[PDB]
>>> print(open('run.pdb').read())   # PDB, C-alpha atoms
ATOM      1  CA  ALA F   1      72.700  -3.024-111.314  1.00  0.00           C
ATOM      2  CA  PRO F   2      71.587   0.361-109.798  1.00  0.00           C
ATOM      3  CA  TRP F   3      68.169   1.964-110.016  1.00  0.00           C
ATOM      4  CA  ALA F   4      67.246   5.412-111.269  1.00  0.00           C
ATOM      5  CA  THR F   5      64.499   8.022-111.165  1.00  0.00           C
ATOM      6  CA  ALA F   6      62.666   9.480-114.145  1.00  0.00           C
ATOM      7  CA  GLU F   7      63.975  12.935-114.945  1.00  0.00           C
ATOM      8  CA  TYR F   8      61.575  13.498-117.867  1.00  0.00           C
ATOM      9  CA  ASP F   9      58.604  11.594-119.248  1.00  0.00           C
ATOM     10  CA  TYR F  10      59.706   9.118-121.945  1.00  0.00           C
ATOM     11  CA  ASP F  11      57.218   7.515-124.268  1.00  0.00           C
ATOM     12  CA  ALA F  12      58.274   4.286-125.918  1.00  0.00           C
ATOM     13  CA  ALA F  13      58.021   4.367-129.691  1.00  0.00           C
ATOM     14  CA  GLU F  14      58.991   0.699-130.072  1.00  0.00           C
ATOM     15  CA  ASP F  15      57.874  -2.622-128.614  1.00  0.00           C
ATOM     16  CA  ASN F  16      61.207  -3.142-126.833  1.00  0.00           C
ATOM     17  CA  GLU F  17      61.190   0.356-125.269  1.00  0.00           C
ATOM     18  CA  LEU F  18      59.939   1.242-121.790  1.00  0.00           C
ATOM     19  CA  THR F  19      57.260   3.875-121.323  1.00  0.00           C
ATOM     20  CA  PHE F  20      57.385   5.864-118.089  1.00  0.00           C
ATOM     21  CA  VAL F  21      56.677   9.237-116.521  1.00  0.00           C
ATOM     22  CA  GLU F  22      58.769  11.678-114.522  1.00  0.00           C
ATOM     23  CA  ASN F  23      59.501  10.311-111.046  1.00  0.00           C
ATOM     24  CA  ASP F  24      58.941   6.683-111.930  1.00  0.00           C
ATOM     25  CA  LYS F  25      61.781   4.423-110.819  1.00  0.00           C
ATOM     26  CA  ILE F  26      63.634   2.150-113.246  1.00  0.00           C
ATOM     27  CA  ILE F  27      65.408  -0.734-111.522  1.00  0.00           C
ATOM     28  CA  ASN F  28      68.035  -3.365-112.357  1.00  0.00           C
ATOM     29  CA  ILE F  29      69.652  -1.154-114.934  1.00  0.00           C
ATOM     30  CA  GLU F  30      71.972  -2.983-117.294  1.00  0.00           C
ATOM     31  CA  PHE F  31      74.639  -1.023-119.149  1.00  0.00           C
ATOM     32  CA  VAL F  32      73.544  -2.188-122.590  1.00  0.00           C
ATOM     33  CA  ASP F  33      74.762   0.919-124.435  1.00  0.00           C
ATOM     34  CA  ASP F  34      76.409   4.213-123.381  1.00  0.00           C
ATOM     35  CA  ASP F  35      73.268   6.155-124.347  1.00  0.00           C
ATOM     36  CA  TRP F  36      70.443   3.694-123.829  1.00  0.00           C
ATOM     37  CA  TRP F  37      70.161   1.210-120.986  1.00  0.00           C
ATOM     38  CA  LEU F  38      67.902  -1.748-120.415  1.00  0.00           C
ATOM     39  CA  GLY F  39      65.902  -1.764-117.194  1.00  0.00           C
ATOM     40  CA  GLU F  40      62.645  -2.648-115.510  1.00  0.00           C
ATOM     41  CA  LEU F  41      59.918  -0.430-114.104  1.00  0.00           C
ATOM     42  CA  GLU F  42      59.435  -0.498-110.371  1.00  0.00           C
ATOM     43  CA  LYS F  43      55.729   0.120-110.818  1.00  0.00           C
ATOM     44  CA  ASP F  44      54.796  -2.823-113.031  1.00  0.00           C
ATOM     45  CA  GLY F  45      57.718  -5.143-113.758  1.00  0.00           C
ATOM     46  CA  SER F  46      57.842  -4.249-117.483  1.00  0.00           C
ATOM     47  CA  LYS F  47      61.315  -4.364-119.036  1.00  0.00           C
ATOM     48  CA  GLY F  48      62.855  -2.650-122.006  1.00  0.00           C
ATOM     49  CA  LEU F  49      65.251  -0.150-123.459  1.00  0.00           C
ATOM     50  CA  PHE F  50      65.231   3.366-122.097  1.00  0.00           C
ATOM     51  CA  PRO F  51      67.287   6.439-122.984  1.00  0.00           C
ATOM     52  CA  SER F  52      69.799   7.375-120.321  1.00  0.00           C
ATOM     53  CA  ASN F  53      69.366  11.138-120.653  1.00  0.00           C
ATOM     54  CA  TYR F  54      65.803  10.707-119.290  1.00  0.00           C
ATOM     55  CA  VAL F  55      66.883   9.296-115.890  1.00  0.00           C
ATOM     56  CA  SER F  56      69.227  10.005-113.004  1.00  0.00           C
ATOM     57  CA  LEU F  57      70.669   7.206-110.829  1.00  0.00           C
ATOM     58  CA  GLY F  58      69.213   6.995-107.329  1.00  0.00           C
ATOM     59  CA  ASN F  59      66.788   9.395-105.652  1.00  0.00           C
TER      60      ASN F  59
END
>>> encode(input="run.pdb", output="structure tokens")
Amino acid sequence: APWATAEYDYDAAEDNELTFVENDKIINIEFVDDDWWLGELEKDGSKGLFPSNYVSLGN
């Protein structure tokens, strides 16, 4: 369960999707799918699906 940084801004288009901006951290990443992962935002505790190509693990 690693954390990641936000490479690009990603806007959720669904209720179960996380919304975040570049440089936000996403924590407790769960390998739900090869392309999309489920995590939680460091900044507010919200949880949801996020696309992997928008983040990079670690700092």
>>> closest_residue(input="run.pdb", among="F:59, F:52, F:19, F:46", to="residue 34 of chain F", atoms="all atoms listed in the file")
F:52
>>> closest_residue(input="run.pdb", among="F:1, F:43, F:51, F:32", to="residue 13 of chain F", atoms="all atoms listed in the file")
F:51
>>> closest_residue(input="run.pdb", among="F:31, F:25, F:6, F:12", to="residue 45 of chain F", atoms="all atoms listed in the file")
F:25
>>> residues_around(input="run.pdb", residues="residue 49 of chain F", least_positions_apart="2", cutoff="6 Å", atoms="only C-alpha atoms", output="tab-separated table (two decimals) with C-alpha atoms, in the frame of the given file")
chain	number	residue	atom	x	y	z
F	17	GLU	CA	61.19	0.36	-125.27
F	18	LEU	CA	59.94	1.24	-121.79
F	37	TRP	CA	70.16	1.21	-120.99
F	38	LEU	CA	67.90	-1.75	-120.42
>>> closest_residue(input="run.pdb", among="F:2, F:24, F:50, F:55", to="residue 36 of chain F", atoms="only C-alpha atoms")
F:50
>>> residues_around(input="run.pdb", residues="residue 42 of chain F", least_positions_apart="6", cutoff="10 Å", atoms="all atoms listed in the file", output="CSV table (one decimal) with C-alpha atoms, in the frame of the given file")
chain,number,residue,atom,x,y,z
F,3,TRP,CA,68.2,2.0,-110.0
F,4,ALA,CA,67.2,5.4,-111.3
F,5,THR,CA,64.5,8.0,-111.2
F,24,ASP,CA,58.9,6.7,-111.9
F,25,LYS,CA,61.8,4.4,-110.8
F,26,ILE,CA,63.6,2.2,-113.2
F,27,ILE,CA,65.4,-0.7,-111.5
F,28,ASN,CA,68.0,-3.4,-112.4
>>> atom_distance(input="run.pdb", atom1="atom CA of residue 40 of chain F", atom2="atom CA of residue 16 of chain F")
11.4 Å
>>> build_atoms(input="run.pdb", residues="segment 29-41 of chain F", atoms="N, CA and C atoms", output="mmCIF file, keeping the file's coordinate frame")
data_model
loop_
_atom_site.group_PDB
_atom_site.id
_atom_site.type_symbol
_atom_site.label_atom_id
_atom_site.label_comp_id
_atom_site.auth_asym_id
_atom_site.auth_seq_id
_atom_site.Cartn_x
_atom_site.Cartn_y
_atom_site.Cartn_z
ATOM 1 N N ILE F 29 69.125 -1.707 -113.705
ATOM 2 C CA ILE F 29 69.652 -1.154 -114.934
ATOM 3 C C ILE F 29 70.895 -1.910 -115.379
ATOM 4 N N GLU F 30 70.886 -2.277 -116.652
ATOM 5 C CA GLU F 30 71.972 -2.983 -117.294
ATOM 6 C C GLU F 30 72.581 -2.036 -118.308
ATOM 7 N N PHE F 31 73.907 -1.949 -118.296
ATOM 8 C CA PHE F 31 74.639 -1.023 -119.149
ATOM 9 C C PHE F 31 74.724 -1.600 -120.554
ATOM 10 N N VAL F 32 73.588 -1.662 -121.226
ATOM 11 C CA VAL F 32 73.544 -2.188 -122.590
ATOM 12 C C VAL F 32 74.274 -1.332 -123.600
ATOM 13 N N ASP F 33 74.100 -0.021 -123.541
ATOM 14 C CA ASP F 33 74.762 0.919 -124.435
ATOM 15 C C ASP F 33 75.093 2.157 -123.607
ATOM 16 N N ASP F 34 76.016 3.002 -124.093
ATOM 17 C CA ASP F 34 76.409 4.213 -123.381
ATOM 18 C C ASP F 34 75.251 5.198 -123.270
ATOM 19 N N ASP F 35 74.392 5.221 -124.281
ATOM 20 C CA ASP F 35 73.268 6.155 -124.347
ATOM 21 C C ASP F 35 71.940 5.598 -123.862
ATOM 22 N N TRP F 36 71.678 4.349 -124.196
ATOM 23 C CA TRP F 36 70.443 3.694 -123.829
ATOM 24 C C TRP F 36 70.793 2.522 -122.935
ATOM 25 N N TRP F 37 69.971 2.291 -121.914
ATOM 26 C CA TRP F 37 70.161 1.210 -120.986
ATOM 27 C C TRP F 37 68.879 0.408 -120.927
ATOM 28 N N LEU F 38 69.018 -0.850 -120.563
ATOM 29 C CA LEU F 38 67.902 -1.748 -120.415
ATOM 30 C C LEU F 38 67.549 -1.840 -118.924
ATOM 31 N N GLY F 39 66.290 -1.645 -118.578
ATOM 32 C CA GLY F 39 65.902 -1.764 -117.194
ATOM 33 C C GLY F 39 64.518 -2.351 -117.049
ATOM 34 N N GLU F 40 63.959 -2.159 -115.869
ATOM 35 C CA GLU F 40 62.645 -2.648 -115.510
ATOM 36 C C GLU F 40 61.941 -1.610 -114.651
ATOM 37 N N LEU F 41 60.650 -1.400 -114.903
ATOM 38 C CA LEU F 41 59.918 -0.430 -114.104
ATOM 39 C C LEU F 41 59.593 -0.954 -112.723
#
